[PDB]
């Protein structure tokens, strides 16, 4: 028998305002949730989520094989050596069900010095033909900045929760240099569903994606209304109920590092479900040279002996390790 995770629904709208005590009352709830299962739903968040699923499904349904190859990351097309992160992630019929499209900071252009320097984890986005996908690039770039705004406010909530000034995290989260990414993920309905795309967990649960900590500061996720996620607790894996108006929020391993494990990075997995569904994570990554000084809010003097980690190298390491562990998505 599988239990259900405590995932509180937190009205985050005060984090956009100027009522500081109201922000503290949000921060308290973020602290509580981060110390419990590690997940909460952000509600009253102001993002129009009503068509995100439709647009994601329709883009994947309508993009042709030729277009997928043309946009494909290096793992699927050796001609695209510069596309490590951004671009199309093809399914493999009979073997791999999921397909997805990842894009980065729209401000990463050939003019950007990190592109000029060929710094790892920085790439220029690739986009399909506008006339074949009218409005898609516009929608996607706008969505990036919409979720950027929400994420900056959430980061104020996390900073207050930890006893810091509200810009402790968000001052490192900037449009000119953020390594944050959006992934537009389609999980298809398949009949018959290929068993090779299903992994069996140690506890016997059929899965589409194995256990992992997120590589992020925090993760800001919209999913369509099909229950799939589970979070690991000491009592075992627990189901995360879907909420296809709220945003599912949790800390990544960078936050676990800098708080000296006071806010752990929850371990989650994706159960296999034979259902058309859409999943849109926004990974809140900082700049390549962003460094946050660790602290230990469990200690009277607040001091941590842990090394400040440069975020870019953390991201570099984290993305490769997740591929090595859980497979190329």
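Positions refer to the first chain, counted from 1.
S.K.: Averaged over C-alpha atoms, is the B-factor higher for 65-73 or for 279-287 in this PDB entry?
M.R.: Taking the mean C-alpha B-factor of 65-73 and of 279-287, the larger value falls to 65-73.
S.K.: For the higher mean C-alpha B factor in the entry, choose 83-91 or 193-201.
M.R.: Result of the comparison: 193-201.
S.K.: At the C-alpha atoms, which of 257, 156, 78, 174 reaches the highest B-factor in this entry?
M.R.: Max CA B-factor in the entry, restricted to 257, 156, 78, 174: 78.
S.K.: When the CA B-factors of 170, 249, 182, 235 are compared as recorded in the entry, which is the largest?
M.R.: Within the set 170, 249, 182, 235, 235 shows the top C-alpha B-factor.
S.K.: Using the temperature factors of the C-alpha atoms in this entry, rank residue 142 within its chain: lowest, middle or highest third.
M.R.: Middle third by C-alpha B-factor.
S.K.: With respect to C-alpha B-factor, does residue 43 fall in the lowest, middle or highest third of the chain as deposited?
M.R.: Its C-alpha B-factor, which the entry lists for residue 43, ranks in the lowest third among residues of this chain.
S.K.: When the deposited Cα B-factors of this chain's modelled residues are ordered and cut into thirds, is residue 294 in the lowest, the middle or the highest one?
M.R.: Its C-alpha B-factor, which the entry lists for residue 294, ranks in the lowest third among residues of this chain.
S.K.: Hey, what third does residue 134 fall into on Cα B-factor, ranked over its chain?
M.R.: Ranked within chain, residue 134 CA B lands in the highest tercile.
S.K.: When the deposited Cα B-factors of this chain's modelled residues are ordered and cut into thirds, is residue 53 in the lowest, the middle or the highest one?
M.R.: Top third by C-alpha B-factor.
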